[PDB]
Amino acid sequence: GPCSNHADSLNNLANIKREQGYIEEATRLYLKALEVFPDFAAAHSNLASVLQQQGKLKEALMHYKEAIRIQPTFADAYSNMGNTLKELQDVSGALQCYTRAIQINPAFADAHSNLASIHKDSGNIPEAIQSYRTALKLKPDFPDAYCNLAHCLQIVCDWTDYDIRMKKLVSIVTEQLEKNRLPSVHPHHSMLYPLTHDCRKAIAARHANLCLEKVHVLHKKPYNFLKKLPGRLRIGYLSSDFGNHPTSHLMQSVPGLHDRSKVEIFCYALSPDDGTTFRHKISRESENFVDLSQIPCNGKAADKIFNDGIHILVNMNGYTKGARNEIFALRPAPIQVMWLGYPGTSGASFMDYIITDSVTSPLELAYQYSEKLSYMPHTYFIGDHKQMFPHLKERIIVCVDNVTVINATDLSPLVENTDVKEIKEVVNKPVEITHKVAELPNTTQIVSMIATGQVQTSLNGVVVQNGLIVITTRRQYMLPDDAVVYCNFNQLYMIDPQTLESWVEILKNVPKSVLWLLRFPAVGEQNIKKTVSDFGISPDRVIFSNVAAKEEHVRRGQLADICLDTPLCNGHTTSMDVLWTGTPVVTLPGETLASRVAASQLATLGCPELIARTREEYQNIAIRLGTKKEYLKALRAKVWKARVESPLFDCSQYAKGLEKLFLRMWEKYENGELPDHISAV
C-alpha cells in the first residue's frame, strides 16, 4: 500500500529541490522514490526530465518509457520523450511521440508546437506555420510557439503586423530575462530583431551557462596548463563544417597555407566524413586531422584536445547546428577564440577572443561582445574563390559586358578558332578599361541553343556548354537584355520591409531596372510580389531564379549590373561570391557584426564609395549607378582590378594575419596578462 505515500513525500521533496536548482539532490531523491515504489509514473517522468537537463539523454529516454508503460495516457511524457529523441538526432522517433501526444490529447498545445519544430528543422515551413498557429489558438500565451512562428514568417517574408510582432518579440525577451528564464529567441536569430545589444548578449550568456551546467555534471577538475613555450604554437580549429558547407568554401586553403615553422595546425572535425573533396583537402593539407565525431562524449573530446597540448582552441561554430560548445566550457586549452562561423558574440566566460577587424567591430561597439576584440590586418572574411573558381578570373564578352558571357579554364580552342580580342575603351576622371571580346556575328546558334534547351552548341568546331567552355546569358534567367539588373542572392529571411521599400524606391527611379532574387525558399516569392505590388511597382519587375549549384551561382552573378546588400543582416558569403566576379555591391552597415560584414569586405577592396551612411545615401548610390553608365563602367573596372590586387581573396596574407594574432595571444598569456584587445598590424 502507501508506502506509495512515502514515495509521494520524496517525489515532492525532489520537486522542491529541483525548483531551487539542486539538480543532483533531485535526481537522488527521485531515485529514492523509485526504490520505494517502482510503479510510480510521475517520478519516472520527473527523473527523466532532470536527466535530460544534465545531458544524460540515453537515461532520460529509459525513464520516459517506464512512465509511459505504467501510464499509457501520459501525453506529457510522450511530448518530452519526443524532445529527447529530437536532441539525439532521431527525427523519426520524435515525430511519433509528438503524434502520440496529439492522439491522446488533440488540444495539447505543446505537442503541436513541438511537431512544428520538426517541420521547421526539416525546411518544411508551410507545415510548421500551421502547427505553430494551431498551438497558439489552443494556448495564446505561448512564448516558445510565438517566437518560432515569428522566425518562420521571416523565412517566408510574411510581414503582416511586422511592427507589432517585432515589439511583441522584444517584450517577451525582456520579460523572460527579468524572470531569470532562458529566452524563447535563439542567439543566432537575435540579429534580426530590434533588441538592444545588452539583450542580445544576455541571451548569448544564458546559452553559455547552459553549457556550463550540462558540463558541471561530469565533475571534472580544471585543466592545468603549460605556461612557457620555447617553438611552435599548437592551434586547433574545431568545426562541424569540414565538408560541403559554406565554411569550407571560405577557409579550406588556410590550414595548408600556415607557416609550419611557426604553428602546428590541428583540424578537429565534429561531423562525419561526407566523402567530398573539401573534407579531403582539409584532411591532407592540415598537419593534424582528428575526427571528434567518433568521440561522442564531450568529456573525452576535451581530454583529447588537452592531450594534443593545444594552446589556442578556435570555435568555428558558435550557436549553430552541430556545435559542441560543452567542449569549450570544459576549457581544454588556455586560450579560446571565436572565428569565422558565427557572426555574433558567445557571451561566454570561457571565450577570450573574437577574430574581426576595425570596420566590422569598431571599438566604439565593443560592449556588444563578451570577448575581447582581435583585429586582423584587413577584413576577417575570406574565400577560396581564387582556387575554386579560376575559370571566373575573367569573362569573355560575346556579340556591354553582362548580357552574354563565356568562361573557360582553357581558352586555347576558342582563341585558335574564332576572333577573340582584347579591346580598349575609354570612359569619362578618364579611365581606360580592357575587355576580352569574342565576335562571331552569329548570335543565332548561341540563342538557338538556349531557346530550345540544348546542352551544347559549337562555334566553329569548338564545343560550348549551356550554363544551365561555358556560356552564360540573360535569357537563361529571364532577364531583359537592356535591363539594369540589381541583384541579391541571399536567403530571403535577410529582407525586412524597410529593405524592400528602399529597393522599390530605387526601382521607381531607375528607368529600365529590374530586381533579381532567388526562390530561397520558393514560398517567399508570392509574399515579395504582393508587397512589391502594394508599394506601387509591377511585380514582373522582380525576377526570381532557382537556387543553383555553387558553380552556376557564382557564374550567374556576372549578369548583374549592381548587387544590393541587405542591411538587416548582410550576405556574408554570397557577397564574396558576387565581388569575385567584379560586380559592385552597395551596402549600409548597422551596429551588429552581421550588419557590417559587407562594409568590411568593401573597405578591404578599397571601395568605400559603395558604403552608405543612411537609407537615403544607400538609395542614391544605387540610383546613380543605374543612371550614370560611365560611372558604373568605371566602378566595375575598379572592383575587378581590386579583386586581384587587394588582400580580400589572398589566402596567404590571411594565414599570416592569423599567425600574428595567435602569437600576440600567446605573448599575453606567457606574461601574467589577462586577455585584452589586440591587433595584428
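Numbering starts at 1 and follows the sequence shown.
In this entry, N428 and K429 are separated by 1 to 3 residues of the deposited sequence that lack coordinates. According to the entry, the deposited sequence places 10 or more unmodelled residues between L468 and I469. Here the stretch with the larger average CA B-factor, out of 527-535 and 350-358, is 527-535. On average the C-alpha atoms of 174-182 have higher B-factors than those of the other stretch, with 174-182 and 562-570 being the two compared.
For the set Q601, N442, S370, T473, the maximum C-alpha B-factor listed in the entry falls on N442. Taking the PDB entry at face value, the top CA B factor among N417, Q336, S513, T592 belongs to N417.
Per-chain ranking of the deposited C-alpha B factor places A14 in the highest third. Ranked within its chain, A67 lands in the middle third, by CA B factor from the PDB record. Placement of the Cα temperature factor of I23 within the chain: highest third of the modelled residues, per the deposited record. The deposited CA B-factor of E422 belongs to the highest third of values across its chain. In the PDB entry, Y98 places in the middle third of its chain by CA B-factor.
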